[PDB]
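Results of the structural survey
Listed below, chain by chain, are the residues.
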Amino acid sequence: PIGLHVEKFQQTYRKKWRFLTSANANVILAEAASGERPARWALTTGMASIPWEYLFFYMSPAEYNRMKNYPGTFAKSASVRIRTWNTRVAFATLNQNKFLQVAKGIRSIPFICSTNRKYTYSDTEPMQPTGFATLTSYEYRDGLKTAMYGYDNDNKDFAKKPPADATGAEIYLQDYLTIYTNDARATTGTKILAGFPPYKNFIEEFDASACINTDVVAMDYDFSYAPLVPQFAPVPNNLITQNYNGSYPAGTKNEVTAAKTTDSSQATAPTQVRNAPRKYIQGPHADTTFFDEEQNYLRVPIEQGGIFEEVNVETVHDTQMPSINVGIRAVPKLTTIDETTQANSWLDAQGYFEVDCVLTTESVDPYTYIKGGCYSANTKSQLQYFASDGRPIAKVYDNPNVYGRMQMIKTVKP
Amino acid sequence: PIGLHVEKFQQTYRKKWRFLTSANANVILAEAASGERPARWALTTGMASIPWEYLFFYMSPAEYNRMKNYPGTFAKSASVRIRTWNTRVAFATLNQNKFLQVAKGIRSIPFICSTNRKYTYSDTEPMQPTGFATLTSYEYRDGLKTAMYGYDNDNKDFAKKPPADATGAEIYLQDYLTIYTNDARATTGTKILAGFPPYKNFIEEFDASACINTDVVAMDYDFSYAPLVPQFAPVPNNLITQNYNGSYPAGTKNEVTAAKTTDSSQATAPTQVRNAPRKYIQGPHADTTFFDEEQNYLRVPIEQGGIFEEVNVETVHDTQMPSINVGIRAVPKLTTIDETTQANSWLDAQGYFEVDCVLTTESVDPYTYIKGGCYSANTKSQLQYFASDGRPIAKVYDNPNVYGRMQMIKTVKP
Amino acid sequence: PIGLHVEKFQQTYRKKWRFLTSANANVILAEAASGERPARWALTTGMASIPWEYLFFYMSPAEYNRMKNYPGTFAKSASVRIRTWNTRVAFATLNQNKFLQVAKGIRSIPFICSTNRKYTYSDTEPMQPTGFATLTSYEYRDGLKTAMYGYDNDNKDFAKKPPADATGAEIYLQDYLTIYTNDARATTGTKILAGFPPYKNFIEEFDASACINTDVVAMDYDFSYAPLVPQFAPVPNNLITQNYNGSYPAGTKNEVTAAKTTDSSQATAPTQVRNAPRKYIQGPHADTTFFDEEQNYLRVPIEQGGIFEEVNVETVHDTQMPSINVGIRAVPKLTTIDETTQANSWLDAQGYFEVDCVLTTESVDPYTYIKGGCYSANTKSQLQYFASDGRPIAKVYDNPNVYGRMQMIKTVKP
Amino acid sequence: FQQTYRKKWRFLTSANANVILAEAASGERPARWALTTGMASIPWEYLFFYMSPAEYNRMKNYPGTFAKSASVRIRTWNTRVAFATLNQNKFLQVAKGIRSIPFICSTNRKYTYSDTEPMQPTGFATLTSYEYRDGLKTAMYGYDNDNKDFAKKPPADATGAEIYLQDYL
């Protein structure tokens, strides 16, 4: 018994990037209440986020459009190496102290509320954030992808964005780590006055001068369930049997996934919901808007463990890739004339980061039948969670964690 | 502390059978749509099914009626050895090529839709199936049991069926493996034209001439939960306590079984249902129609893991015994006069199979109380799934698999 | 990255008690039906219950009131050593046979229905129970605590109860093991006539004369989840994020606890209920009546695994501390004048038990924020099951087991 | 990417007699004498021999595909002989590279047989080599599920059954 003819492919995507980060000052910014978002204090950092959790980081649009032709593709591994170089410091002073901040896994820390934000800067102090730019994390990643890979040859603004993948040039990063604390100025009743969390107790800080041209980040990740392309559709057994809608015992094991909803306001207890609305991503009644629209390139992270469910007996668990933020500590420029205990002026400093990223993906072609083409075993069918409005649900890393977890969100039509 | 007086019994049932199988041709038969069963193409084989998954295969009716008197009986193991002998070939030709097909576990393969069917044969070609006999799998097993063990002494047709258990004679087998594919002649819309699956890539084929008087099958199975007789009823604690209907925490473990319903048409997502309708098989409100009617002898397979639930903390998982089909490949009889690229005439060939089957079962008598008789600990209470109409639910091996699984079905009143 | 400042404390509470137990006769007492409690026969023993499962056994009220000031306190371990001394026997006879009964884990045996009860005794035979005192198990433990630790200095009856913790004196015990069987005198229909279970097959019996001043019990227990004081409240993330009510995938794992309801009358099948009504024991909408009223001192056992749920991914399982009953077998005083085959008169015998008990507890102070005080990570939030009427639900050891399990019950307002 | 396609076939060949057949002139084809053999041609030089239509339709999605190697193993089994005689002499003919021999003019042809002697070719069937290979492919892999004659041709790739060969040297 030779069994199935399954043709197995492994592909590797390597990219290499030059990143410049501003040495932003640590200032407190007020963010007003907006709808369900409350009023809060924002503490900015100079640690720019490295979007190693997204497919555009490793794959050019050509490689992605070719990968489309390989159903059953799963990202098996990702690896990122970050190597710092000389740090630029504005000149009139000569002696300089340069420090390199590296934050790994801040996004998953439960008690630290933090997101990556783009700041607006004062004209007089380009290192001092004075507000928040309207740019979102999706738009940050989209502009980053445009800087990496250029426009199309027919674009009216093609010349504005030379491709970093072609030139090897540097890209400035704008999303920097930002901690939040509650703003109790207008809070009525019980006020929480804990201030900020000591986030510097959870980051690594190095001597930039000694770390010039030295590896400072080396992070590897194995994906649990990262479907880049949906599997081949099986031959539907409803065309061959009246048994298609049969039931079989599951025993004491859970072989249908569940979703956990929490409430940090403690108004309601946490809830576990089984058999949430979901639908197949290949087959007769397939819904492939997630892969067609399209989402897994830069809008949604590579790792989607928990979101995608197979009819197989295989166990499913929640997943989360560690976050990476790297930056240069702000260089103070305060003196005795500008009488103050904390720096209110800083020197323009830039960190130089060389990023080498490798992504391994792997795909199958199963020949379960003689004619037509590839058909999978129906145990390979995959389902994705959906909302009530036919809108797919996916993991997001942009929002702050919920009890240390990355949440599901309804995707957005591009 | 000596503890309970538990008397523990082990019993062994051995049987030995002679089976004759026809070398049926591989022909395509059309099966028309009937109700929810769609139109399909049937590809016949010569591999007869060995019903080693049923209790009559190992136990005579006398042994079964005695086993009734031992509550708490569980089938612990089954073992089958199949030994092939000389193969008969019709004579006018002399040189012969004989091949022995052995298929193990075809029933559990997800993408191969297959069942065991009885064929009707043409008058001119007794090796060529021309249709399907109205005999079902239950009736096949019932006729097989009648051939093995005879009728009752008062039967009007007692003389027609000499007992193979007494005589050692051979029994012809009529259920042969049959693959199905969809019939898209009348299908409107999206047609699946994959043809048949290459089922011969999953079977073993031997040289019958060299395998004469040689062991070809040796399959052992350990049962997970195979209650042949319901346990002893416990002393009901509602007669002694007001606490009988109390609740206790289950934690994050599932200690009540669940049922999974799938839909191969992909019209609906798979569903997991906890607390399905079920009832106790011993005690005050017991329902024992499954064991009384009676079902576990030849109507329903021995292995019933998932169907039966104890109040105990013990974990439950889905179960499935591997299928066994053995046969002789058809011997073609085509020549140049009957101009054709594939054989349309075959020689009458028969395979001789010697089957030695052993079943180990084991039972308990617990003396939890001083007077009356045996009473179990109430943690030994067993529940069985039931349908809405008071009809027990049991595993069945007759239908094609659903995503590689054997399904529950409502039993049928005998 | 130094991480959180978490200050970790370990505390040990040791107590030492002298216990006197009556050598009660084994007599059958009739208990009439009351509401949902049926009519039953009660078989008394002389094995007094050792309440080592309650906090007052190890902690004085001063230590308990101080332990209140340490949020996040969990009982990590308990240990009990019981050492028997000389046994008193009433004098006119000289030769004596004294036997020491030790029962461990009788409470968890499924088929033995047993509770600890206080008996009323005949005037002529102080060793012969003639009924049941109206004292409950809570009131037994409360009187025991009063004997151990005295009243308050302003109590009108302060002088009546000298503290055993101060004096080292002996305390008589009144809750003795009592087996129950059904009373079928008025039962109509199917009568269960099994009599009593042979409970002496599950106890250890020693020679008291040789065991004088010898260790007879040595039992250690590690608690799974025993929150003595609720954790520190976290900083609520609804004050900082609009993400507070987000959902995240649970996969095939259960990370919300479930409750199992059984029915020993077998009128209904067992049920598993997920997302039972529960509420947080610290934070904005906290409900702390369980710890304020207060329950975990002597009303409710230390071990509460299953009752308390964290938002953490940690697995939860049902828990149960073994029971301890120690006593002296009754010394018969029957002769030929009082013609009878079983003793109807007994000598006054008392067992002397020295109990050394140690409880280890351990607590945390996490400094997740800079100002205000201690705040936990929100993954440390704890929820407790509640009833429909805002009444907390807790494990109880007073009722007979349900399928070998200790049940949840609605607590009682003190 | 590297891909491997394996197939396994059972072939029956007739022991055709060596007879001389006359082929008349047709257009530019001259009149010639044809000497038949019993050596059936093995179409190992064609892609359907190794690949099912499903594998071929998937291979379409891989531009730049080159066949790097082919390998064929032929294993003979028992030879059937008609019965009234008992003693038999059976001989197995294997011809490799006859097609490339310059002075031997040879092609693979399908014969028509006499009713009285099924081993004696009496002419040439109108079947061509393309149609021979097409019928062979149909025997190997079956028809489409919607074909009116689907039942006539059970797939040898599924069943493992034998296929008779008609093009002989």
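1. Considerations on the overall build of chain D
- Of regular secondary structure, chain D possesses three helices and seven strands.
- Sequence-ordered secondary structure for chain D, helices as α and strands as β, is β-β-β-α-β-β-α-α-β-β.
- Along the first, second and third principal axes, the C-alpha atoms of chain D reach 50 × 45 × 35 Å.
- Here chain D holds 169 residues, and 34% of them are scored as buried.
- As displayed, chain D has an accessible area near 11000 Å², and 53% of this comes from carbon and sulfur atoms.
- Here chain D contributes 22 positively and 14 negatively charged side chains, and the mean placements of these two sets differ by 8 Å.

2. Points about the overall build of chain A
- A count of helices and strands for chain A gives five helices and 24 strands.
- In terms of overall size, chain A behaves like a compact globule, its C-alpha atoms giving a radius of gyration of 24 Å where 414 residues would be expected to give roughly 22 Å.
- With respect to the three principal axes, the spread of C-alpha positions in chain A is 85 × 55 × 40 Å.
- When the 414 residues of chain A are sorted by exposure, 59% land in the buried category.
- Counting every atom, chain A has about 16100 Å² of accessible surface; 50% of that belongs to carbon and sulfur.
- Side-chain charges in chain A split into 41 positive and 42 negative, and the spacing between the mean points of these groups amounts to 2 Å.

3. Focus: the relation of the copies chain A and chain B
- Mapping chain A onto chain B calls for a rotation angle of 120° and an axial translation of 0.0 Å; the resulting RMSD is 0.0 Å. Here the transformation between the copies is reduced to the relation of a three-fold axis. No C-alpha of chain A lies nearer the rotation axis than that of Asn254 of chain A, which sits 4.7 Å from it.

4. Description of the packing of aromatic side chains
- The final tally for this structure, using the stated rule, is 67 aromatic pairs over all chains.
- Look at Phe290 of chain B and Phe291 of chain B: their rings are 5.0 Å apart centre to centre, the planes differ by 80°, and that puts the pair in the edge-to-face class. For the pair shown, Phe290 of chain B and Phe291 of chain B are each scored as buried.
- Judged by centre distance (6.5 Å) and plane angle (50°), the ring pair of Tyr164 of chain D and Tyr168 of chain D falls under tilted.
- Taken together through their ring pairs, the aromatic side chains of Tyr119, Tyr121, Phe132, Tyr172 and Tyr176 of chain A make up a single cluster.
- The residue whose ring lies beneath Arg117 of chain A is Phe132 of chain A, and the NZ or CZ to ring-centre distance is 3.8 Å.
- A cation over a ring is seen here: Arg10 of chain D above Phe99 of chain B, with NZ or CZ 5.5 Å from the ring centre.

5. Focus on the relation of the copies chain C and chain B
- The transformation that overlays chain C on chain B combines an axial shift of 0.0 Å with a rotation of 120°, and the residual RMSD is 0.0 Å.
- An overlap of only 8% is found between the interface residues of chain C and their copies at the interface of chain B, pointing to separate contact surfaces.

6. Comments concerning the interface of chain A and chain B
- At the junction of the two partners, chain A supplies 48 residues and chain B supplies 60 residues.
- Across the chain A/chain B interface, buried area totals approximately 5000 Å², and carbon plus sulfur atoms make up 55% of it.
- When the buried area of chain A at its contact with chain B is split by residue, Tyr248, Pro249 and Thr252 of chain A rank highest and sum to 16% of it.
- At the junction of chain A and chain B, the tally comes to two salt bridges.

7. Description of the side chain of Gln266 of chain C
- Mapped onto the elements, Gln266 of chain C comes out in the loop between β14 (258-261) and β15 (271-274).
- The class of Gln266 of chain C is buried, set by a relative accessible area of 4%.
- When neighbours within four sequence positions are excluded, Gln266 of chain C is seen to be in contact with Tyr280, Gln282, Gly283, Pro284, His285 and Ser381 of chain B.

8. Quick look at the interface of chain C and chain B
- With 60 residues of chain C at the contact, the number on the chain B side is 48 residues.
- The largest per-residue losses of area from chain C upon contact with chain B belong to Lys260, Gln266 and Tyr403 of chain C, which jointly make up 16% of the total buried on that side.
- Applying the counting criterion to the chain C and chain B interface returns two salt bridges.
- Put simply, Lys260 of chain C and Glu255 of chain B hold a salt bridge, and the shortest N to O gap is 3.7 Å.
- Applying the counting criterion to the chain C and chain B interface returns 32 residue pairs in polar contact.
- Residue assignment for the side of chain C that touches chain B shows that the elements contributing at least two residues are β10 (175-182), β14 and β15 of chain C.
- Among the elements that line the side of chain C that touches chain B, the one with the most residues is β14 of chain C, at four residues.
- Tallied by class, residues from the side of chain C that touches chain B come to 26 nonpolar, 21 polar and 13 charged.
- With four bridges connecting them, strand β13 (residues 247-251) of chain B and β14 of chain C associate as antiparallel partners.

9. Topic: the sheet that holds strand β14 (residues 258-261) of chain B
- Sheet architecture is open: three strands sit in the order β13(A)-β14(B)-β15(B), paired in antiparallel fashion. Each of the sheet's edge strands pairs with one partner strand only, and the pair in question is β13 (247-251) of chain A together with β15 (271-274) of chain B. With strand direction ignored, the average angle separating the axes of adjacent strands in the sheet is 30°.

10. A closer look at the pattern of salt bridges
- Summed over the entire model, instances satisfying the criterion amount to 85 salt bridges over all chains.
- One salt bridge in this structure joins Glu53 of chain C and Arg107 of chain C, with 3.0 Å as the shortest N-O distance. Residue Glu53 of chain C shares its accessibility class with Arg107 of chain C, and that shared class is buried.
- Between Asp157 of chain C and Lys160 of chain C there is a salt bridge, with the nearest N and O atoms lying 3.3 Å from each other.
- Residue classification places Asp157 of chain C among the partly exposed residues on the basis of a relative accessible area of 29%.
- A single salt-bridge network, built from bridges that share partners, covers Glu255 of chain A together with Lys260, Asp318, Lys395 and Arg405 of chain B.

11. Quick look at helix α2 (residues 129-141) of chain D
Residues and elements named next belong to chain D.
- Helix length check: α2 (13 residues) gives 18 Å between terminal C-alpha atoms against 18 Å at 1.5 Å per residue, within 8%.
- When we look at burial in α2, the residues that qualify are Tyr132, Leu136, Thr138, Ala139, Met140 and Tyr141.
- Of the residues flanking the start of α2, the one acting as N-cap is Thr128, its side-chain oxygen 3.5 Å from the backbone nitrogen of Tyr130.
- Of the residues trailing α2, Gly142 is marked for its positive phi of about 80°.

What counts and how
Sequence order sets the numbers: each chain starts from 1, possibly unlike the entry numbering, and residues with no coordinates are not included. In the order they appear in the text, chains get letters beginning with A and ligands get numbers beginning with 1. Here we see some chains out of a larger assembly; the values all refer to those chains and nothing more. The basis for the side-chain values is all heavy atoms of the structure; hydrogens and waters are excluded. The helix count covers DSSP runs of H or I at least four residues long, the strand count covers runs of E at least two residues long, and both are numbered beginning at the N terminus. To sort residues, take the accessible area from a 1.4 Å probe on protein chains only and compare it with the maximum for the residue type: under 20% means buried, over 50% means exposed, and anything in between is partly exposed. In short, Shrake-Rupley with a 1.4 Å probe defines the accessible areas, and a residue's cover is counted only from the protein chains shown. Counted as positive: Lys and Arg. Counted as negative: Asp and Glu. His and the chain ends are not counted at all. Where a charge lies is defined by one atom per residue type: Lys uses NZ, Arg uses CZ, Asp uses CG and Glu uses CD. Only the C-alpha atoms count toward the radius of gyration. The rule for a globule is 2.2 Å times the residue count to the power 0.38. All copies sit on top of one another after a least-squares fit of their C-alpha atoms. Here is the rule: rings of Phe, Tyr and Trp (six-membered ring for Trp) pair when centre to centre is within 6.5 Å. Planes less than 30 degrees apart are stacked, more than 60 are edge-to-face, and the remainder are tilted. Placement of a positive charge over a ring is assigned whenever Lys NZ or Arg CZ falls within 6 Å of the ring centre and within 35 degrees of the normal to the ring plane. Contacts between residues were defined by any pair of non-hydrogen atoms, one from each residue, lying within 4.5 Å. Summed over both partners, buried area is the accessible surface (1.4 Å probe) that two parts give up on being assembled. The working definition used for a salt bridge is a side-chain nitrogen of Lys or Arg within 4 Å of a carboxyl oxygen of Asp or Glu. Whenever two N or O atoms come within 3.5 Å, that pair is a polar contact, provided that in protein one can donate a hydrogen and the other can accept it, and provided that, for residues adjacent in sequence, both atoms are side-chain atoms. Note on residue categories: nonpolar means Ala, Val, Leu, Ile, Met, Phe, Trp, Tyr, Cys or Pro, charged means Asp, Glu, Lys or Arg, and polar means any other residue, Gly included. At least two bridges found by DSSP between two strands is the condition for calling them paired. Geometry is summarised by axes, namely lines fitted to C-alpha atoms with helices restricted to the contacting stretch, and by angles between N-to-C directions that run from 0 to 180 degrees. Any helix carries an expected span of 1.5 Å times its number of residues minus one.

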